[PDB]
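A quick write-up on the structure given underneath.
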Amino acid sequence: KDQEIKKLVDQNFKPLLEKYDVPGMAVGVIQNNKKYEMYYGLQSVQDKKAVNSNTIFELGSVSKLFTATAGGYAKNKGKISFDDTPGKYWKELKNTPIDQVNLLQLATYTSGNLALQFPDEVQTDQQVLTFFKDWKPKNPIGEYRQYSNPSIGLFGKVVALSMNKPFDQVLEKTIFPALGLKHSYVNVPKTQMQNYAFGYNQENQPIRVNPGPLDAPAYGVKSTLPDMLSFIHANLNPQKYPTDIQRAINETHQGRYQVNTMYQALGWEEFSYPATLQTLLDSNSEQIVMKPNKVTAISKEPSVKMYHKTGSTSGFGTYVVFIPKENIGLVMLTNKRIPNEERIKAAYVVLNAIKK
Ligand SMILES: *[B]([O])([O])[C]([C]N1[C]=C(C2=[C][C]=[C]C(C([O])=O)=[C]2)N=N1)[N]C(=O)[C]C1=[C][C]=[C]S1
């Protein structure tokens with residue numbers, strides 16, 4: 001019964017606040033089109049402001065799901081193609097070597113040579129433009145997955161160029177409204193700053209995300225629990241949404257390659273359902289997240305799929321998971337990072353106990 005969802009989240013999520021000294025947490029569940037919101041603790045320790053439905057959290061790498069979506073929207077408005085190259089859109093890179101990698105390989109982290117972060121050195125628009133002009137290849141393109149902010153960041157910049165709008169306006173004026181999101185931002189306006197949580201570092205000091213190269217497309221979206229539940233809703237039921245955005249969403253669900261049990265989609269990670277706990281943990285292992293791994297063609301096309309994505313900034317943790325054919329999903333938002341494995345497991349227990 002409905003009356004168990006609250007209890008299961010208290011048993012599995014609530015203990016984490018004490019175990020990691022997390023000030024504030026928002027956990028959302030959606031099941032059979034009914035939304036449940038559970039709020040714990042404080043958005044701001046110093047203000048004694050409680051987490052609530054208005055609280056804005058940093059999504060970290062969960063922002064990549066929005067970037068992927070924006071990319072799917074542009075592929076279906078004819079504005080780009082995933083076999084295309086950066087040159088067609090960033091006039092300044094037309095024939096250089098990074099005008100050899102495709103928009104898909106960028107989005108899915110399999111260029112020869114891109115790490116997790118730009119070098120600290122790189123910051124201005126001209127330092128990014130020049131980091132990619134004097135970019136030179138390395139690995140057999142397409143063969144190796146290495147998870148990367150620059151790669152999908154560059155995908156994002158290009159998606160934005162094709163729609164003739166800077167990336168931030170593509171999300172706030174086009175993508176967010178089409179998803180019906182009311183309080184999701186690349187830049188949080190002044191009128192909403194009172195709702196923007198403090199994040200907290202491992203020294204429990206209050207912090208928020210710092211400006212960085214191509215931050216908006218790689219990790220720069222902020223949102224509320226209601227909005228993320230609406231995003232999960234749309235992923236679970238894109239039939240009700242405008243046809244452009246429906247097509248964008250389905251585009252982000254298509255698996256592109258395997259790295260072992262993990263299928264890489266656009267933004268999302270995909271698994272065969274039901275998946276074992278360990279399968280889901282492996283997607284966030286040092287092996288998968290930090291090191292290169294060789295990518296194989298999809299062999300088993302799972303009949304029933306599930307999808308997840310973890311995300312962090314220095315001050316915030318996020319996890320989102322959904323299973324289309326159970327018509328369920330879960331969103332966890334914290335204003336202190338906790339281990340990825342702890343996010344994945346609590347969600348696992350909750351969604352299996354409800355799978356009834
Ligand atoms: B995304 O969440 O996958 C992506 C990569 N990233 C960085 C971290 C992390 C883990 C421990 C500590 C820190 C810290 O204090 O900075 C970060 N987890 N996943 N996120 C980002 O690149 C966003 C950031 C930009 C600057 C710092 S994190």
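The way I read the labels, and the way they are meant: chains A, B, ... in the order of the structure tokens, residue 1 as the first residue of every chain, and ligand 1 as the first ligand shown, with later ones counted on from there.
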
Determine, counting only C-alpha atoms, which protein, DNA and RNA residues have an atom within 7 Å of an atom of residue 256 of chain A; residues of the same chain fewer than 6 positions away are not included. Present the result as a PDB file with N, CA, C and O atoms, in the first residue's frame.
ATOM      1  N   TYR A 263      25.159  -0.269 -19.994  1.00  0.00           N
ATOM      2  CA  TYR A 263      24.966   0.265 -21.318  1.00  0.00           C
ATOM      3  C   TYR A 263      25.003   1.742 -21.209  1.00  0.00           C
ATOM      4  O   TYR A 263      24.262   2.337 -20.388  1.00  0.00           O
ATOM      5  N   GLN A 264      25.751   2.385 -22.082  1.00  0.00           N
ATOM      6  CA  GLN A 264      25.749   3.816 -22.176  1.00  0.00           C
ATOM      7  C   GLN A 264      24.689   4.375 -23.147  1.00  0.00           C
ATOM      8  O   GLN A 264      24.790   4.193 -24.361  1.00  0.00           O
ATOM      9  N   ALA A 265      23.799   5.217 -22.620  1.00  0.00           N
ATOM     10  CA  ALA A 265      22.807   5.910 -23.415  1.00  0.00           C
ATOM     11  C   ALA A 265      23.268   7.326 -23.486  1.00  0.00           C
ATOM     12  O   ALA A 265      24.448   7.610 -23.172  1.00  0.00           O
TER      13      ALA A 265
END

Please, which residues in chain A fall within 9 Å of ligand 1 when counting only C-alpha atoms and all ligand atoms, and what is the closest atom pair and distance in Å to one decimal for each, ordered by chain then residue number, as a tab-separated table?
residue	atom	partner	partner_atom_place_in_ligand_line	distance
A:59	CA	ligand 1	2 (O)	7.8
A:60	CA	ligand 1	2 (O)	4.6
A:61	CA	ligand 1	1 (B)	3.5
A:62	CA	ligand 1	2 (O)	6.8
A:63	CA	ligand 1	1 (B)	8.4
A:64	CA	ligand 1	1 (B)	8.3
A:116	CA	ligand 1	5 (C)	6.7
A:117	CA	ligand 1	22 (O)	6.7
A:147	CA	ligand 1	3 (O)	8.0
A:148	CA	ligand 1	5 (C)	8.0
A:149	CA	ligand 1	22 (O)	6.4
A:201	CA	ligand 1	15 (O)	6.9
A:202	CA	ligand 1	15 (O)	8.0
A:209	CA	ligand 1	26 (C)	6.9
A:210	CA	ligand 1	26 (C)	7.0
A:211	CA	ligand 1	25 (C)	8.5
A:212	CA	ligand 1	25 (C)	7.3
A:215	CA	ligand 1	25 (C)	7.5
A:218	CA	ligand 1	22 (O)	6.9
A:219	CA	ligand 1	23 (C)	5.3
A:220	CA	ligand 1	23 (C)	7.8
A:289	CA	ligand 1	3 (O)	8.2
A:309	CA	ligand 1	3 (O)	8.5
A:310	CA	ligand 1	2 (O)	6.5
A:311	CA	ligand 1	2 (O)	3.6
A:312	CA	ligand 1	2 (O)	3.7
A:313	CA	ligand 1	28 (S)	3.9
A:314	CA	ligand 1	15 (O)	3.8
A:315	CA	ligand 1	15 (O)	7.1
A:316	CA	ligand 1	28 (S)	8.9
A:317	CA	ligand 1	2 (O)	8.0
A:318	CA	ligand 1	2 (O)	8.2
A:337	CA	ligand 1	11 (C)	7.5
A:339	CA	ligand 1	11 (C)	8.8
A:340	CA	ligand 1	18 (N)	8.8

May I have the residues from that selection written out with N, CA and C atoms, as a short mmCIF file (atom, residue, chain, number, x, y, z; two decimals), in the first residue's frame?
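Result file part.cif:
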data_model
loop_
_atom_site.label_atom_id
_atom_site.label_comp_id
_atom_site.auth_asym_id
_atom_site.auth_seq_id
_atom_site.Cartn_x
_atom_site.Cartn_y
_atom_site.Cartn_z
N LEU A 59 22.61 19.77 -8.88
CA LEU A 59 22.50 18.42 -9.37
C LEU A 59 23.84 17.82 -9.75
N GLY A 60 24.89 18.62 -9.89
CA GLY A 60 26.19 18.04 -10.33
C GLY A 60 26.00 17.36 -11.69
N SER A 61 26.65 16.22 -11.85
CA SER A 61 26.63 15.43 -13.10
C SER A 61 25.26 14.95 -13.57
N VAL A 62 24.26 14.98 -12.70
CA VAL A 62 22.89 14.84 -13.18
C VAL A 62 22.43 15.87 -14.21
N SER A 63 23.03 17.07 -14.22
CA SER A 63 22.89 18.03 -15.27
C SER A 63 23.12 17.45 -16.68
N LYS A 64 24.02 16.46 -16.78
CA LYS A 64 24.31 15.78 -18.05
C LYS A 64 23.07 15.22 -18.71
N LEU A 116 38.26 13.35 -17.04
CA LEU A 116 37.20 13.92 -16.17
C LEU A 116 37.09 15.42 -16.13
N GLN A 117 38.23 16.10 -15.96
CA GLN A 117 38.22 17.56 -15.85
C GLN A 117 39.12 18.31 -16.83
N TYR A 147 34.92 8.57 -18.82
CA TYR A 147 33.97 9.63 -18.35
C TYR A 147 34.56 11.07 -18.26
N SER A 148 33.96 12.05 -18.92
CA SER A 148 34.57 13.37 -19.16
C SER A 148 33.65 14.61 -19.25
N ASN A 149 33.85 15.56 -18.31
CA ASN A 149 33.26 16.90 -18.49
C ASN A 149 33.57 17.68 -19.78
N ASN A 201 30.80 21.17 2.67
CA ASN A 201 31.94 20.35 2.29
C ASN A 201 32.16 19.30 3.35
N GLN A 202 33.26 18.55 3.26
CA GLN A 202 33.55 17.51 4.26
C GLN A 202 34.03 18.10 5.56
N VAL A 209 28.66 26.05 -5.82
CA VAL A 209 29.46 25.70 -6.94
C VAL A 209 30.18 26.94 -7.50
N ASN A 210 31.43 26.73 -7.90
CA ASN A 210 32.26 27.78 -8.50
C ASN A 210 32.16 27.74 -10.02
N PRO A 211 32.11 28.92 -10.68
CA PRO A 211 32.32 29.05 -12.15
C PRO A 211 33.49 28.19 -12.67
N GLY A 212 33.36 27.62 -13.86
CA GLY A 212 34.37 26.70 -14.39
C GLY A 212 34.15 26.55 -15.87
N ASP A 215 30.76 24.71 -17.60
CA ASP A 215 30.16 24.17 -16.40
C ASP A 215 28.68 23.91 -16.65
N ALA A 218 28.04 20.39 -18.27
CA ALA A 218 28.60 19.23 -17.59
C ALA A 218 28.11 18.93 -16.15
N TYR A 219 27.79 19.99 -15.42
CA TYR A 219 27.39 19.90 -14.04
C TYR A 219 26.71 21.14 -13.45
N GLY A 220 26.08 21.97 -14.24
CA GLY A 220 25.66 23.28 -13.76
C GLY A 220 24.18 23.59 -13.57
N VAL A 289 34.42 4.65 -13.53
CA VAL A 289 34.38 6.14 -13.53
C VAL A 289 35.71 6.82 -13.80
N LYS A 309 21.63 7.67 -12.84
CA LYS A 309 22.73 8.61 -12.95
C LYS A 309 22.98 9.20 -11.56
N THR A 310 24.22 9.10 -11.07
CA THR A 310 24.65 9.83 -9.89
C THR A 310 25.22 11.19 -10.30
N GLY A 311 25.23 12.15 -9.35
CA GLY A 311 25.79 13.44 -9.60
C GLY A 311 26.25 14.14 -8.33
N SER A 312 27.33 14.90 -8.43
CA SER A 312 27.88 15.63 -7.29
C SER A 312 28.48 16.96 -7.71
N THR A 313 28.39 17.95 -6.81
CA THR A 313 29.33 19.08 -6.78
C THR A 313 30.10 18.92 -5.44
N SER A 314 30.92 19.90 -5.10
CA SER A 314 31.69 19.82 -3.86
C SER A 314 30.79 19.82 -2.64
N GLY A 315 29.60 20.42 -2.75
CA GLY A 315 28.67 20.57 -1.64
C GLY A 315 27.40 19.73 -1.67
N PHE A 316 27.12 19.09 -2.81
CA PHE A 316 25.83 18.39 -3.00
C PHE A 316 25.95 16.98 -3.58
N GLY A 317 25.09 16.05 -3.13
CA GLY A 317 24.86 14.73 -3.81
C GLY A 317 23.45 14.59 -4.47
N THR A 318 23.39 13.88 -5.60
CA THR A 318 22.15 13.62 -6.31
C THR A 318 22.17 12.20 -6.91
N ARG A 337 27.68 15.75 0.05
CA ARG A 337 28.00 14.50 -0.64
C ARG A 337 28.02 13.35 0.32
N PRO A 339 28.66 8.84 -0.09
CA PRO A 339 29.20 7.92 -1.14
C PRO A 339 28.13 7.47 -2.16
N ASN A 340 28.50 7.47 -3.41
CA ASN A 340 27.64 6.99 -4.52
C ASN A 340 27.04 5.64 -4.20
#

Where does DSSP see strand (DSSP E) in segment 118-286 of chain A, if you list the residues as number ranges by chain? A: 144-145, 199-200, 206-207, 222-223, 257-259, 262-264, 269-272

One decimal, in Å: what's the spacing between atom CA of residue 84 of chain A and atom CA of residue 102 of chain A?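 Between atom CA of residue 84 of chain A and atom CA of residue 102 of chain A the gap works out to 5.4 Å.
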
Please provide the set of residues having any atom within 10 Å of residue 44 of chain A, restricted to only C-alpha atoms, with same-chain residues fewer than 3 positions apart removed, written as JSON, numbers by chain. {"A": [23, 24, 41, 47, 48, 49, 50, 51, 55, 194, 195, 196, 197, 198, 199, 200, 206, 335]}

Can you pull out the residues contacting residue 347 of chain A? Cut-off 9 Å, using only C-alpha atoms, and skip same-chain residues under 2 positions away; I want them as a ChimeraX atom specification. /A:9,12-13,319-321,330-332,342-345,349-352

Just the residues within 12 Å of segment 169-176 of chain A, please, counting only C-alpha atoms, with nothing from its chain fewer than 4 positions along; format it as a VMD selection string. chain A and resid 63 to 74 156 to 165 180 to 189 216 to 217 220 to 223 227 to 228 230 to 231 234 241 to 242 244 to 246 248 to 249

Determine, counting only C-alpha atoms, which protein, DNA and RNA residues have an atom within 12 Å of an atom of residue 287 of chain A; residues of the same chain fewer than 4 positions away are not included. Present the result as a JSON list (two decimals) with N, CA and C atoms, in the first residue's frame.
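around_12.json, freshly written:
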[["chain", "number", "residue", "atom", "x", "y", "z"],
["A", 145, "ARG", "N", 35.89, 3.95, -23.43],
["A", 145, "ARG", "CA", 35.13, 4.94, -22.64],
["A", 145, "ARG", "C", 36.03, 5.47, -21.49],
["A", 146, "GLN", "N", 36.19, 6.77, -21.49],
["A", 146, "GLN", "CA", 36.60, 7.58, -20.30],
["A", 146, "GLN", "C", 35.64, 8.75, -19.90],
["A", 147, "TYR", "N", 34.92, 8.57, -18.82],
["A", 147, "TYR", "CA", 33.97, 9.63, -18.35],
["A", 147, "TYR", "C", 34.56, 11.07, -18.26],
["A", 259, "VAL", "N", 29.83, -1.29, -21.67],
["A", 259, "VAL", "CA", 31.06, -1.54, -20.97],
["A", 259, "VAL", "C", 30.62, -2.50, -19.95],
["A", 260, "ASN", "N", 30.80, -3.78, -20.27],
["A", 260, "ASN", "CA", 30.36, -4.85, -19.41],
["A", 260, "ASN", "C", 28.81, -4.83, -19.28],
["A", 281, "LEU", "N", 26.23, -0.80, -8.64],
["A", 281, "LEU", "CA", 27.47, -0.27, -7.97],
["A", 281, "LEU", "C", 28.67, -0.21, -8.87],
["A", 282, "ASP", "N", 28.81, -1.20, -9.76],
["A", 282, "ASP", "CA", 29.92, -1.23, -10.72],
["A", 282, "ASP", "C", 29.98, -0.06, -11.65],
["A", 283, "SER", "N", 28.81, 0.49, -12.05],
["A", 283, "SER", "CA", 28.78, 1.66, -12.88],
["A", 283, "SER", "C", 29.43, 2.84, -12.16],
["A", 291, "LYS", "N", 39.09, 5.24, -14.79],
["A", 291, "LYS", "CA", 39.98, 4.60, -15.79],
["A", 291, "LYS", "C", 39.36, 4.47, -17.22],
["A", 292, "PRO", "N", 40.20, 4.41, -18.28],
["A", 292, "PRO", "CA", 39.65, 4.02, -19.60],
["A", 292, "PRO", "C", 39.19, 2.58, -19.61],
["A", 293, "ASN", "N", 38.12, 2.31, -20.36],
["A", 293, "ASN", "CA", 37.68, 0.96, -20.56],
["A", 293, "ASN", "C", 37.27, 0.80, -22.00],
["A", 294, "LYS", "N", 37.52, -0.40, -22.53],
["A", 294, "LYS", "CA", 37.21, -0.66, -23.92],
["A", 294, "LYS", "C", 35.70, -0.96, -24.08]]

Among the residues of segment 51-281 of chain A, find those DSSP assigns to alpha helix (DSSP H) from the backbone and print them as number ranges by chain. A: 63-76, 103-107, 125-133, 149-163, 167-169, 176-178, 215-219, 225-236, 243-253, 277-281

What gap, in Å, lies between atom CA of residue 114 of chain A and atom CA of residue 257 of chain A?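 For atom CA of residue 114 of chain A relative to atom CA of residue 257 of chain A, the distance reads 18.1 Å.
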
Might you pull out every residue within 9 Å of residue 253 of chain A, with only C-alpha atoms counted and same-chain residues fewer than 6 positions away left off, and present them as a ChimeraX atom specification? /A:235,265-270,307
